[PDB]
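Chemist: Under my numbering, the first residue of the sequence shown carries the number 2, and numbering increases by one thereafter.
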Amino acid sequence: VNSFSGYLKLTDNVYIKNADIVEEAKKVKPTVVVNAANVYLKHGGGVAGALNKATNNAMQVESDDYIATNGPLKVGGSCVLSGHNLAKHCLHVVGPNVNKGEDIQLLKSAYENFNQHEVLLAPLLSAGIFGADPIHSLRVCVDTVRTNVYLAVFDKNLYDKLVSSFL
Ligand SMILES: CC(=O)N1CCN(Cc2cccc(-c3cc4c(N[C@H](c5ccc6c(c5)S(=O)(=O)CCC6)C(C)C)ncnc4[nH]3)c2)CC1
Numbered sequence: 002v003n004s005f006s007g008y009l010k011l012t013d014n015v016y017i018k019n020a021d022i023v024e025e026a027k028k029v030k031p032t033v034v035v036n037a038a039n040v041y042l043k044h045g046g047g048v049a050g051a052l053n054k055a056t057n058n059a060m061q062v063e064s065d066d067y068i069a070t071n072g073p074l075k076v077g078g079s080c081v082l083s084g085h086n087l088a089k090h091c092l093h094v095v096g097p098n099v100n101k102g103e104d105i106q107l108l109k110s111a112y113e114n115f116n117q118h119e120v121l122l123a124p125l126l127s128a129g130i131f132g133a134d135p136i137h138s139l140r141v142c143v144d145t146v147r148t149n150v151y152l153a154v155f156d157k158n159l160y161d162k163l164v165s166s167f168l
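(1) By DSSP, does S127 sit in helix, in strand, or in coil?
(2) Does the region 48-57 come within contact of the region 131-138, defined as at least 3 CB pairs closer than 8 Å?
(3) Just tell me which of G132, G46, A123 and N116 has its CA closest to the CA of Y8.
(4) Within 7 Å: the Cβ of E103 and any heavy atom of ligand 1?
(5) Could you check if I136 belongs to the surroundings of ligand 1, using beta carbon to heavy atom distance under 7 Å?
(6) Please state the DSSP three-state secondary structure of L159.
(7) How close, in whole Å, do the beta carbons of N14 and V120 come, if the pair is a contact with beta carbons under 8 Å?
(8) Under the criterion of a Cβ to heavy atom distance below 7 Å, does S127 qualify as lining ligand 1?
(9) Answer yes or no: the CB of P124 versus the heavy atoms of ligand 1, is any distance below 7 Å?
(10) For the region 68-79 against the region 92-101, are there 3 or more C-beta pairs whose distance is under 8 Å?
(11) Distance check for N36 and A20, CA to CA, integer angstroms please.
(12) Measure the Cβ-Cβ separation of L42 and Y67 and say whether it is below 8 Å.
(13) Mind checking which residues open and close the alpha helix (DSSP H) that includes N53?
(14) Between which two residues does the alpha helix (DSSP H) harbouring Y112 extend?
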């Protein structure tokens, strides 16, 4: 299905919309929804907490079972788990948190995880309280992702700065 609408195409493979990723996931029910995860898959705030709350904590129960069996992910790494009622699959991706001293080179590695899936609904990796320059995160996305990615950015002011810089 992947019925994305209202998206502005920036490149042959990158689209963007001023929207809440949770609301987009409920409407579209995409094949893959990307979560802006941490290495222990603990979804307490921001995007991760919003996606987990939309699943009524089912994402957290499943995440805890994955960590118990496989251990933590690494910064720049990912894992595929159920999307529950939001998507067929959830691709949990760990972008570097520069506000806590993690290296920005790892942002490229985090975006490279998107390439194993044909179509993804995703947030701007490492933006918000993760501390990275959001326009720089968009540049890395454009230069790294080669499959089709629909970026949901829930802030019209940020969306307008991204569309203006990209033009
Ligand atoms: C109608 C109603 O009451 N609502 C509204 C609330 N809605 C649920 C709801 C509640 C709370 C938050 C969010 C939401 C935040 C968010 C989003 N934020 C962006 C962003 C990008 C990357 C990262 C972060 C943030 S972070 O979380 O700071 C750190 C990780 C990396 C910023 C605009 C830069 N981008 C996309 N979708 C979103 N969703 C949503 C349920 C439905």
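For every residue, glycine included, the Cβ atom is placed at its ideal position computed from N, Cα and C.
Modeler: Let's see:
(1) Along the sequence shown, read from residue 1 onward, the residue named residue 127 stands at position 126. Residue state, collapsed to three classes: coil.
(2) Contact between the region 48-57 and the region 131-138 is absent, because fewer than three Cβ pairs lie under 8 Å.
(3) Position 7 of the sequence shown, counted from the start, is the residue given in the question as residue 8. With distances taken between Cα atoms, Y8 lies closest to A123.
(4) Here the question's residue 103 lines up with position 102 in the sequence shown. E103 Cβ: outside cutoff for every heavy atom of ligand 1.
(5) If you number the sequence shown from 1, residue 136 lands on position 135. False, no ligand heavy atom lies under 7 Å from that Cβ.
(6) Counting from one through the sequence shown, the residue named residue 159 turns up at place 158. Look at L159 here: in three-state DSSP terms it is helix.
(7) As a first step, residue 14 must be located in the sequence shown, where it is residue number 13. As a first step, residue 120 must be located in the sequence shown, where it is residue number 119. Taking C-beta atoms under 8 Å as the contact rule, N14 and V120 fail to qualify, at a distance of about 10 Å.
(8) As a working mapping, residue 127 is identified with position 126 in the sequence shown. Yes.
(9) Indexing the sequence shown from 1 puts residue 124 at position 123. It does: the Cβ of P124 is within 7 Å (strictly closer) of some heavy atom of ligand 1.
(10) The region 68-79 vs the region 92-101: in contact.
(11) Sequence index remark: in the sequence shown, residue 20 carries index 19 (1-based). Sequence index remark: in the sequence shown, residue 36 carries index 35 (1-based). Each residue's alpha carbon lies about 15 Å from the other.
(12) Within the sequence shown, numbered from 1, the residue matching residue 42 stands at position 41. Within the sequence shown, numbered from 1, the residue matching residue 67 stands at position 66. Yes, they are a contact pair.
(13) As a position in the sequence shown, residue 53 is number 52, starting the count at 1. Per DSSP, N53 belongs to the alpha helix (DSSP H) from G47 to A55.
(14) Position 111 of the sequence shown, counted from the start, is the residue given in the question as residue 112. Unbroken alpha helix (DSSP H) run through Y112: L107 to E113.
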